[PDB]
Amino acid sequence: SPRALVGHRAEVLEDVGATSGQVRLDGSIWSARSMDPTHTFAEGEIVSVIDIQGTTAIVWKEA
Ligand SMILES: [Cl-]
Ligand SMILES: [Zn+2]
Ligand SMILES: [Zn+2]
Ligand SMILES: [Zn+2]
């Protein structure tokens, strides 16, 4: 069911990069990683959830 989260936007709470990050998604805090591990999304940025792996949101640029 975490699969229904794909396509949602999320707000970065702790900087999201290769191997750490946290976002606010449907009112909850989720772990997150960047889709491209060279790209960091800083706190306050809005990202798009493009995949979920277990309970980790994989995020990219909004849209
Ligand atoms: Cl959304
Ligand atoms: Zn939702
Ligand atoms: Zn980049
Ligand atoms: Zn996948």
# chains A, B, ... in the order shown; residues from 1 in each chain; ligands from 1

$ residues_around --residues "range 11-24 of chain A" --least-positions-apart "3" --cutoff "10 Å" --atoms "only C-alpha atoms" --output "list in words"
residues 27, 28, 29, 30, 31, 32, 33, 34, 35, 36, 37, 38, 39, 40, 41, 42, 43, 44, 45, 46, 47, 48, 49, 56, 57, 58, 59 and 60 of chain A

$ select_by_dssp --residues "chain A" --states "helix (DSSP H, G or I)" --output "list in words"
residues 2, 3, 4 and 5 of chain A

$ write_last_selection --atoms "N, CA and C atoms" --output "tab-separated table (two decimals), in the first residue's frame"
chain	number	residue	atom	x	y	z
A	2	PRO	N	2.12	1.18	0.47
A	2	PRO	CA	2.94	2.38	0.31
A	2	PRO	C	3.04	2.83	-1.15
A	3	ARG	N	2.81	1.89	-2.07
A	3	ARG	CA	2.73	2.13	-3.53
A	3	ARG	C	1.80	3.28	-3.99
A	4	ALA	N	0.75	3.55	-3.21
A	4	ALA	CA	-0.23	4.64	-3.49
A	4	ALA	C	0.37	6.02	-3.24
A	5	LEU	N	1.51	6.04	-2.54
A	5	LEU	CA	2.23	7.30	-2.26
A	5	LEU	C	3.03	7.81	-3.47

$ select_by_dssp --residues "chain A" --states "strand (DSSP E or B)" --output "PyMOL selection string"
chain A and resi 9-14+16+22-25+28-34+41+46-53+56-61

$ write_last_selection --atoms "C-alpha atoms" --output "compact mmCIF listing (two decimals), in the first residue's frame"
# COMPACT_ATOMS: atom_id res chain seq x y z
CA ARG A 9 4.79 15.63 -3.37
CA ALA A 10 6.67 15.87 -0.06
CA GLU A 11 8.44 18.53 1.93
CA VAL A 12 12.08 17.95 2.86
CA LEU A 13 12.61 17.98 6.66
CA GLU A 14 16.21 16.78 6.77
CA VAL A 16 17.87 14.23 1.26
CA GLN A 22 13.44 12.70 5.77
CA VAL A 23 10.33 14.18 4.24
CA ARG A 24 6.78 15.09 5.32
CA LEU A 25 4.33 13.01 3.24
CA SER A 28 3.72 11.77 8.45
CA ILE A 29 7.55 11.67 8.53
CA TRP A 30 9.07 9.23 6.00
CA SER A 31 12.66 8.26 5.28
CA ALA A 32 13.77 9.44 1.84
CA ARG A 33 16.68 9.03 -0.58
CA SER A 34 17.46 10.89 -3.81
CA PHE A 41 17.55 18.28 -1.77
CA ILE A 46 9.46 20.35 -2.25
CA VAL A 47 10.13 17.03 -4.03
CA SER A 48 8.04 14.41 -5.86
CA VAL A 49 7.94 10.78 -4.67
CA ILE A 50 8.76 8.69 -7.74
CA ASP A 51 9.24 5.29 -6.13
CA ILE A 52 8.96 3.57 -2.75
CA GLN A 53 11.46 0.91 -1.73
CA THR A 56 11.73 4.59 1.93
CA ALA A 57 10.49 7.25 -0.39
CA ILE A 58 12.70 7.78 -3.44
CA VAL A 59 12.39 11.41 -4.51
CA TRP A 60 13.15 13.71 -7.37
CA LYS A 61 12.47 17.21 -8.64
